[PDB]
Amino acid sequence: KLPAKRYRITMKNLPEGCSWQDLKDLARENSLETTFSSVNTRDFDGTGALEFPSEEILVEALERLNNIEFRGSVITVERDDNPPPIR
C-alpha cells in the first residue's frame, strides 16, 4: 500500500442517518476528538469521513472503529489519502 501524511479516514457500510453531529458525538464519547467531519446522505452508499487533530486518535479510532456492529450493520473505517498531482 501507499503512505499517508494526514489524520483522516473514511467509513463504509454505515447505512444510517448518522450525521456529522452523530459521528462527532460518538467519536468524542469514544475517546476520539475530531476537527472535521463529513457524511453522504444524498445517496444510499452509507459512507462517511472524519478527521482528527492528531495521528494517535486517527490510528486508535481507526483500529477501534474498524469492523464494528451498529444497527445490525457492520461498519468499517479505512484511511484514504488523495494528494495533488506532480504538476
# chains A, B, ... in the order shown; residues from 1 in each chain; ligands from 1

call {"tool": "residues_around", "arguments": {"residues": "residue 34 of chain A", "least_positions_apart": "4", "cutoff": "12 Å", "atoms": "only C-alpha atoms", "output": "PDB file with N, CA and C atoms, in the first residue's frame"}}
result
ATOM      1  N   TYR A   7      -4.424  12.772   8.900  1.00  0.00           N
ATOM      2  CA  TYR A   7      -5.066  12.144  10.049  1.00  0.00           C
ATOM      3  C   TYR A   7      -6.573  12.033   9.839  1.00  0.00           C
ATOM      4  N   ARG A   8      -6.968  11.630   8.635  1.00  0.00           N
ATOM      5  CA  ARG A   8      -8.381  11.485   8.304  1.00  0.00           C
ATOM      6  C   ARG A   8      -8.671  10.087   7.766  1.00  0.00           C
ATOM      7  N   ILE A   9      -9.909   9.637   7.938  1.00  0.00           N
ATOM      8  CA  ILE A   9     -10.315   8.319   7.469  1.00  0.00           C
ATOM      9  C   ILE A   9     -11.760   8.329   6.979  1.00  0.00           C
ATOM     10  N   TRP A  20     -22.878  14.369  10.727  1.00  0.00           N
ATOM     11  CA  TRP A  20     -21.663  14.906  11.325  1.00  0.00           C
ATOM     12  C   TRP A  20     -21.802  15.014  12.840  1.00  0.00           C
ATOM     13  N   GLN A  21     -22.962  15.477  13.292  1.00  0.00           N
ATOM     14  CA  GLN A  21     -23.221  15.627  14.719  1.00  0.00           C
ATOM     15  C   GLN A  21     -23.193  14.275  15.422  1.00  0.00           C
ATOM     16  N   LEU A  23     -21.819  11.166  14.349  1.00  0.00           N
ATOM     17  CA  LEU A  23     -20.473  10.607  14.318  1.00  0.00           C
ATOM     18  C   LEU A  23     -19.542  11.375  15.252  1.00  0.00           C
ATOM     19  N   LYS A  24     -19.742  12.686  15.329  1.00  0.00           N
ATOM     20  CA  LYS A  24     -18.925  13.535  16.188  1.00  0.00           C
ATOM     21  C   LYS A  24     -19.208  13.255  17.660  1.00  0.00           C
ATOM     22  N   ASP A  25     -20.470  12.986  17.974  1.00  0.00           N
ATOM     23  CA  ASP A  25     -20.872  12.696  19.346  1.00  0.00           C
ATOM     24  C   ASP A  25     -20.260  11.384  19.827  1.00  0.00           C
ATOM     25  N   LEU A  26     -20.454  10.327  19.046  1.00  0.00           N
ATOM     26  CA  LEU A  26     -19.923   9.013  19.392  1.00  0.00           C
ATOM     27  C   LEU A  26     -18.398   9.016  19.354  1.00  0.00           C
ATOM     28  N   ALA A  27     -17.836   9.774  18.419  1.00  0.00           N
ATOM     29  CA  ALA A  27     -16.388   9.868  18.281  1.00  0.00           C
ATOM     30  C   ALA A  27     -15.756  10.483  19.524  1.00  0.00           C
ATOM     31  N   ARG A  28     -16.285  11.627  19.948  1.00  0.00           N
ATOM     32  CA  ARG A  28     -15.770  12.317  21.124  1.00  0.00           C
ATOM     33  C   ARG A  28     -16.059  11.520  22.393  1.00  0.00           C
ATOM     34  N   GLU A  29     -17.167  10.785  22.384  1.00  0.00           N
ATOM     35  CA  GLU A  29     -17.557   9.979  23.535  1.00  0.00           C
ATOM     36  C   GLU A  29     -16.744   8.688  23.595  1.00  0.00           C
ATOM     37  N   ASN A  30     -16.226   8.269  22.446  1.00  0.00           N
ATOM     38  CA  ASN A  30     -15.429   7.049  22.367  1.00  0.00           C
ATOM     39  C   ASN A  30     -13.945   7.357  22.537  1.00  0.00           C
ATOM     40  N   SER A  38     -17.691  14.625   7.919  1.00  0.00           N
ATOM     41  CA  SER A  38     -18.491  14.688   6.702  1.00  0.00           C
ATOM     42  C   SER A  38     -19.199  13.361   6.449  1.00  0.00           C
ATOM     43  N   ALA A  49     -16.841  10.300   6.444  1.00  0.00           N
ATOM     44  CA  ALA A  49     -15.429  10.648   6.550  1.00  0.00           C
ATOM     45  C   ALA A  49     -15.176  11.555   7.750  1.00  0.00           C
ATOM     46  N   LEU A  50     -14.143  11.232   8.521  1.00  0.00           N
ATOM     47  CA  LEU A  50     -13.794  12.018   9.700  1.00  0.00           C
ATOM     48  C   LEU A  50     -12.295  12.298   9.743  1.00  0.00           C
ATOM     49  N   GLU A  51     -11.912  13.327  10.493  1.00  0.00           N
ATOM     50  CA  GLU A  51     -10.508  13.698  10.618  1.00  0.00           C
ATOM     51  C   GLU A  51     -10.183  14.120  12.048  1.00  0.00           C
ATOM     52  N   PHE A  52      -9.005  13.725  12.523  1.00  0.00           N
ATOM     53  CA  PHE A  52      -8.575  14.060  13.874  1.00  0.00           C
ATOM     54  C   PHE A  52      -7.382  15.012  13.845  1.00  0.00           C
ATOM     55  N   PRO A  53      -7.214  15.782  14.930  1.00  0.00           N
ATOM     56  CA  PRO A  53      -6.117  16.746  15.053  1.00  0.00           C
ATOM     57  C   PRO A  53      -4.761  16.066  15.206  1.00  0.00           C
ATOM     58  N   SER A  54      -4.776  14.833  15.704  1.00  0.00           N
ATOM     59  CA  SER A  54      -3.546  14.074  15.902  1.00  0.00           C
ATOM     60  C   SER A  54      -3.654  12.690  15.271  1.00  0.00           C
ATOM     61  N   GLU A  55      -2.505  12.086  14.986  1.00  0.00           N
ATOM     62  CA  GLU A  55      -2.471  10.759  14.380  1.00  0.00           C
ATOM     63  C   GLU A  55      -2.847   9.686  15.397  1.00  0.00           C
ATOM     64  N   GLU A  56      -2.476   9.913  16.653  1.00  0.00           N
ATOM     65  CA  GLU A  56      -2.774   8.965  17.721  1.00  0.00           C
ATOM     66  C   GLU A  56      -4.260   8.614  17.737  1.00  0.00           C
ATOM     67  N   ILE A  57      -5.104   9.637  17.661  1.00  0.00           N
ATOM     68  CA  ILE A  57      -6.547   9.437  17.668  1.00  0.00           C
ATOM     69  C   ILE A  57      -7.017   8.779  16.375  1.00  0.00           C
ATOM     70  N   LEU A  58      -6.326   9.078  15.281  1.00  0.00           N
ATOM     71  CA  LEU A  58      -6.670   8.513  13.981  1.00  0.00           C
ATOM     72  C   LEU A  58      -6.456   7.003  13.968  1.00  0.00           C
ATOM     73  N   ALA A  61      -8.724   5.406  16.735  1.00  0.00           N
ATOM     74  CA  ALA A  61     -10.124   5.404  16.332  1.00  0.00           C
ATOM     75  C   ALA A  61     -10.350   4.481  15.139  1.00  0.00           C
TER      76      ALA A  61
END

call {"tool": "residues_around", "arguments": {"residues": "residue 14 of chain A", "least_positions_apart": "2", "cutoff": "7 Å", "atoms": "only C-alpha atoms", "output": "list in words"}}
result
residues 12, 16, 46, 47, 73 and 75 of chain A

call {"tool": "write_last_selection", "arguments": {"atoms": "N, CA, C and O atoms", "output": "compact mmCIF listing (two decimals), in the first residue's frame"}}
result
# COMPACT_ATOMS: atom_id res chain seq x y z
N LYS A 12 -17.35 3.01 5.86
CA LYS A 12 -18.09 2.28 4.84
C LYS A 12 -19.05 1.27 5.47
O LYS A 12 -18.81 0.79 6.58
N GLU A 16 -26.89 4.44 7.75
CA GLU A 16 -27.65 5.08 8.83
C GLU A 16 -27.68 6.60 8.64
O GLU A 16 -26.88 7.16 7.90
N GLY A 46 -24.08 4.91 2.11
CA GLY A 46 -23.75 4.71 3.51
C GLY A 46 -22.26 4.80 3.77
O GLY A 46 -21.64 3.84 4.22
N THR A 47 -21.68 5.97 3.49
CA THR A 47 -20.25 6.18 3.69
C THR A 47 -19.98 7.58 4.24
O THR A 47 -20.57 8.55 3.79
N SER A 73 -25.75 -3.46 11.33
CA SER A 73 -24.85 -3.29 10.20
C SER A 73 -23.40 -3.20 10.66
O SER A 73 -23.10 -2.55 11.66
N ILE A 75 -20.07 -1.65 10.27
CA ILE A 75 -19.37 -0.50 9.70
C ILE A 75 -17.86 -0.68 9.78
O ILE A 75 -17.34 -1.27 10.73

call {"tool": "select_by_dssp", "arguments": {"residues": "chain A", "states": "helix (DSSP H, G or I)", "output": "compact mmCIF listing (two decimals) with N, CA, C and O atoms, in the first residue's frame"}}
result
# COMPACT_ATOMS: atom_id res chain seq x y z
N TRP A 20 -22.88 14.37 10.73
CA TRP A 20 -21.66 14.91 11.32
C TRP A 20 -21.80 15.01 12.84
O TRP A 20 -20.88 14.68 13.58
N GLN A 21 -22.96 15.48 13.29
CA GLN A 21 -23.22 15.63 14.72
C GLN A 21 -23.19 14.27 15.42
O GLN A 21 -22.61 14.14 16.50
N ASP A 22 -23.83 13.28 14.81
CA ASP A 22 -23.87 11.94 15.38
C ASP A 22 -22.47 11.35 15.49
O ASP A 22 -22.00 11.06 16.59
N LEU A 23 -21.82 11.17 14.35
CA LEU A 23 -20.47 10.61 14.32
C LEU A 23 -19.54 11.38 15.25
O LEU A 23 -18.66 10.79 15.89
N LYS A 24 -19.74 12.69 15.33
CA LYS A 24 -18.93 13.54 16.19
C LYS A 24 -19.21 13.25 17.66
O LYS A 24 -18.30 13.28 18.49
N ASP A 25 -20.47 12.99 17.97
CA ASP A 25 -20.87 12.70 19.35
C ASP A 25 -20.26 11.38 19.83
O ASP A 25 -19.63 11.33 20.88
N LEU A 26 -20.45 10.33 19.05
CA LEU A 26 -19.92 9.01 19.39
C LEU A 26 -18.40 9.02 19.35
O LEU A 26 -17.75 8.35 20.16
N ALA A 27 -17.84 9.77 18.42
CA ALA A 27 -16.39 9.87 18.28
C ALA A 27 -15.76 10.48 19.52
O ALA A 27 -14.81 9.93 20.09
N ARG A 28 -16.28 11.63 19.95
CA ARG A 28 -15.77 12.32 21.12
C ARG A 28 -16.06 11.52 22.39
O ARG A 28 -15.30 11.57 23.36
N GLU A 29 -17.17 10.79 22.38
CA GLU A 29 -17.56 9.98 23.54
C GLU A 29 -16.74 8.69 23.60
O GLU A 29 -16.59 8.09 24.66
N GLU A 55 -2.51 12.09 14.99
CA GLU A 55 -2.47 10.76 14.38
C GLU A 55 -2.85 9.69 15.40
O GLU A 55 -3.46 8.68 15.05
N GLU A 56 -2.48 9.91 16.65
CA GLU A 56 -2.77 8.97 17.72
C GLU A 56 -4.26 8.61 17.74
O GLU A 56 -4.63 7.44 17.82
N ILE A 57 -5.10 9.64 17.66
CA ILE A 57 -6.55 9.44 17.67
C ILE A 57 -7.02 8.78 16.38
O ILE A 57 -7.98 8.02 16.37
N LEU A 58 -6.33 9.08 15.28
CA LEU A 58 -6.67 8.51 13.98
C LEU A 58 -6.46 7.00 13.97
O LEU A 58 -7.38 6.24 13.71
N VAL A 59 -5.23 6.58 14.25
CA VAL A 59 -4.89 5.16 14.28
C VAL A 59 -5.71 4.42 15.33
O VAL A 59 -6.18 3.31 15.09
N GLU A 60 -5.89 5.05 16.49
CA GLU A 60 -6.66 4.45 17.57
C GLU A 60 -8.13 4.31 17.18
O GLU A 60 -8.70 3.23 17.29
N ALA A 61 -8.72 5.41 16.74
CA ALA A 61 -10.12 5.40 16.33
C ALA A 61 -10.35 4.48 15.14
O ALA A 61 -11.41 3.87 15.01
N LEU A 62 -9.35 4.39 14.27
CA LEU A 62 -9.44 3.54 13.09
C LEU A 62 -9.42 2.06 13.47
O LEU A 62 -10.15 1.26 12.90
N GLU A 63 -8.58 1.72 14.45
CA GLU A 63 -8.47 0.34 14.91
C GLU A 63 -9.60 0.00 15.87
O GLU A 63 -9.91 -1.17 16.09
N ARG A 64 -10.21 1.03 16.45
CA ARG A 64 -11.30 0.84 17.40
C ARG A 64 -12.65 0.86 16.68
O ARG A 64 -13.64 0.33 17.18
N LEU A 65 -12.68 1.49 15.51
CA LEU A 65 -13.90 1.59 14.73
C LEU A 65 -13.94 0.52 13.64
O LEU A 65 -15.00 0.05 13.25

call {"tool": "select_by_dssp", "arguments": {"residues": "chain A", "states": "strand (DSSP E)", "output": "ChimeraX atom specification"}}
result
/A:8-12,36-39,48-51,68-70,73-78

call {"tool": "write_last_selection", "arguments": {"atoms": "N, CA, C and O atoms", "output": "PDB file, in the first residue's frame"}}
result
ATOM      1  N   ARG A   8      -6.968  11.630   8.635  1.00  0.00           N
ATOM      2  CA  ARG A   8      -8.381  11.485   8.304  1.00  0.00           C
ATOM      3  C   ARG A   8      -8.671  10.087   7.766  1.00  0.00           C
ATOM      4  O   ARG A   8      -7.791   9.431   7.208  1.00  0.00           O
ATOM      5  N   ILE A   9      -9.909   9.637   7.938  1.00  0.00           N
ATOM      6  CA  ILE A   9     -10.315   8.319   7.469  1.00  0.00           C
ATOM      7  C   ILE A   9     -11.760   8.329   6.979  1.00  0.00           C
ATOM      8  O   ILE A   9     -12.540   9.214   7.331  1.00  0.00           O
ATOM      9  N   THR A  10     -12.111   7.338   6.166  1.00  0.00           N
ATOM     10  CA  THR A  10     -13.461   7.233   5.628  1.00  0.00           C
ATOM     11  C   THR A  10     -14.149   5.963   6.115  1.00  0.00           C
ATOM     12  O   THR A  10     -13.515   4.918   6.257  1.00  0.00           O
ATOM     13  N   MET A  11     -15.450   6.061   6.368  1.00  0.00           N
ATOM     14  CA  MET A  11     -16.225   4.918   6.838  1.00  0.00           C
ATOM     15  C   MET A  11     -16.996   4.275   5.690  1.00  0.00           C
ATOM     16  O   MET A  11     -17.264   4.915   4.673  1.00  0.00           O
ATOM     17  N   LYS A  12     -17.351   3.006   5.859  1.00  0.00           N
ATOM     18  CA  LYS A  12     -18.093   2.275   4.838  1.00  0.00           C
ATOM     19  C   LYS A  12     -19.049   1.272   5.474  1.00  0.00           C
ATOM     20  O   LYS A  12     -18.811   0.787   6.579  1.00  0.00           O
ATOM     21  N   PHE A  36     -12.718  17.710  11.977  1.00  0.00           N
ATOM     22  CA  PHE A  36     -13.507  17.787  10.754  1.00  0.00           C
ATOM     23  C   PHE A  36     -14.311  16.507  10.543  1.00  0.00           C
ATOM     24  O   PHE A  36     -13.845  15.411  10.855  1.00  0.00           O
ATOM     25  N   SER A  37     -15.521  16.655  10.014  1.00  0.00           N
ATOM     26  CA  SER A  37     -16.392  15.513   9.765  1.00  0.00           C
ATOM     27  C   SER A  37     -17.218  15.724   8.500  1.00  0.00           C
ATOM     28  O   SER A  37     -17.420  16.855   8.059  1.00  0.00           O
ATOM     29  N   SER A  38     -17.691  14.625   7.919  1.00  0.00           N
ATOM     30  CA  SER A  38     -18.491  14.688   6.702  1.00  0.00           C
ATOM     31  C   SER A  38     -19.199  13.361   6.449  1.00  0.00           C
ATOM     32  O   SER A  38     -18.681  12.294   6.781  1.00  0.00           O
ATOM     33  N   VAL A  39     -20.388  13.435   5.858  1.00  0.00           N
ATOM     34  CA  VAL A  39     -21.168  12.240   5.557  1.00  0.00           C
ATOM     35  C   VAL A  39     -21.830  12.346   4.189  1.00  0.00           C
ATOM     36  O   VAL A  39     -21.817  13.404   3.562  1.00  0.00           O
ATOM     37  N   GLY A  48     -19.072   7.659   5.211  1.00  0.00           N
ATOM     38  CA  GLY A  48     -18.735   8.940   5.802  1.00  0.00           C
ATOM     39  C   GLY A  48     -17.240   9.184   5.844  1.00  0.00           C
ATOM     40  O   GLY A  48     -16.458   8.379   5.340  1.00  0.00           O
ATOM     41  N   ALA A  49     -16.841  10.300   6.444  1.00  0.00           N
ATOM     42  CA  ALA A  49     -15.429  10.648   6.550  1.00  0.00           C
ATOM     43  C   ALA A  49     -15.176  11.555   7.750  1.00  0.00           C
ATOM     44  O   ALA A  49     -15.899  12.527   7.970  1.00  0.00           O
ATOM     45  N   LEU A  50     -14.143  11.232   8.521  1.00  0.00           N
ATOM     46  CA  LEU A  50     -13.794  12.018   9.700  1.00  0.00           C
ATOM     47  C   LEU A  50     -12.295  12.298   9.743  1.00  0.00           C
ATOM     48  O   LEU A  50     -11.506  11.597   9.112  1.00  0.00           O
ATOM     49  N   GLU A  51     -11.912  13.327  10.493  1.00  0.00           N
ATOM     50  CA  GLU A  51     -10.508  13.698  10.618  1.00  0.00           C
ATOM     51  C   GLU A  51     -10.183  14.120  12.048  1.00  0.00           C
ATOM     52  O   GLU A  51     -10.980  14.788  12.707  1.00  0.00           O
ATOM     53  N   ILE A  68     -17.141  -2.908  13.124  1.00  0.00           N
ATOM     54  CA  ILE A  68     -17.971  -2.721  14.308  1.00  0.00           C
ATOM     55  C   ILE A  68     -19.449  -2.899  13.977  1.00  0.00           C
ATOM     56  O   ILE A  68     -19.918  -2.454  12.930  1.00  0.00           O
ATOM     57  N   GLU A  69     -20.177  -3.550  14.878  1.00  0.00           N
ATOM     58  CA  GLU A  69     -21.603  -3.784  14.682  1.00  0.00           C
ATOM     59  C   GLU A  69     -22.425  -2.608  15.202  1.00  0.00           C
ATOM     60  O   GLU A  69     -22.253  -2.171  16.340  1.00  0.00           O
ATOM     61  N   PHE A  70     -23.317  -2.100  14.359  1.00  0.00           N
ATOM     62  CA  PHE A  70     -24.166  -0.973  14.731  1.00  0.00           C
ATOM     63  C   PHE A  70     -25.455  -0.971  13.916  1.00  0.00           C
ATOM     64  O   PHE A  70     -25.425  -0.926  12.686  1.00  0.00           O
ATOM     65  N   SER A  73     -25.751  -3.464  11.333  1.00  0.00           N
ATOM     66  CA  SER A  73     -24.852  -3.286  10.199  1.00  0.00           C
ATOM     67  C   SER A  73     -23.401  -3.195  10.664  1.00  0.00           C
ATOM     68  O   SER A  73     -23.097  -2.547  11.665  1.00  0.00           O
ATOM     69  N   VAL A  74     -22.509  -3.852   9.929  1.00  0.00           N
ATOM     70  CA  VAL A  74     -21.090  -3.845  10.264  1.00  0.00           C
ATOM     71  C   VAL A  74     -20.359  -2.720   9.540  1.00  0.00           C
ATOM     72  O   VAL A  74     -20.065  -2.822   8.349  1.00  0.00           O
ATOM     73  N   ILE A  75     -20.070  -1.647  10.268  1.00  0.00           N
ATOM     74  CA  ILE A  75     -19.371  -0.502   9.695  1.00  0.00           C
ATOM     75  C   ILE A  75     -17.859  -0.681   9.780  1.00  0.00           C
ATOM     76  O   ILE A  75     -17.344  -1.266  10.734  1.00  0.00           O
ATOM     77  N   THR A  76     -17.151  -0.173   8.776  1.00  0.00           N
ATOM     78  CA  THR A  76     -15.698  -0.275   8.737  1.00  0.00           C
ATOM     79  C   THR A  76     -15.061   1.063   8.382  1.00  0.00           C
ATOM     80  O   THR A  76     -15.638   1.858   7.641  1.00  0.00           O
ATOM     81  N   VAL A  77     -13.868   1.305   8.915  1.00  0.00           N
ATOM     82  CA  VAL A  77     -13.152   2.547   8.653  1.00  0.00           C
ATOM     83  C   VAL A  77     -11.819   2.279   7.963  1.00  0.00           C
ATOM     84  O   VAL A  77     -11.091   1.359   8.335  1.00  0.00           O
ATOM     85  N   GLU A  78     -11.506   3.089   6.957  1.00  0.00           N
ATOM     86  CA  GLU A  78     -10.260   2.938   6.215  1.00  0.00           C
ATOM     87  C   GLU A  78      -9.742   4.292   5.738  1.00  0.00           C
ATOM     88  O   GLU A  78     -10.481   5.075   5.143  1.00  0.00           O
TER      89      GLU A  78
END

call {"tool": "closest_residue", "arguments": {"among": "A:4, A:32, A:41, A:19", "to": "residue 83 of chain A", "atoms": "only C-alpha atoms"}}
result
A:4
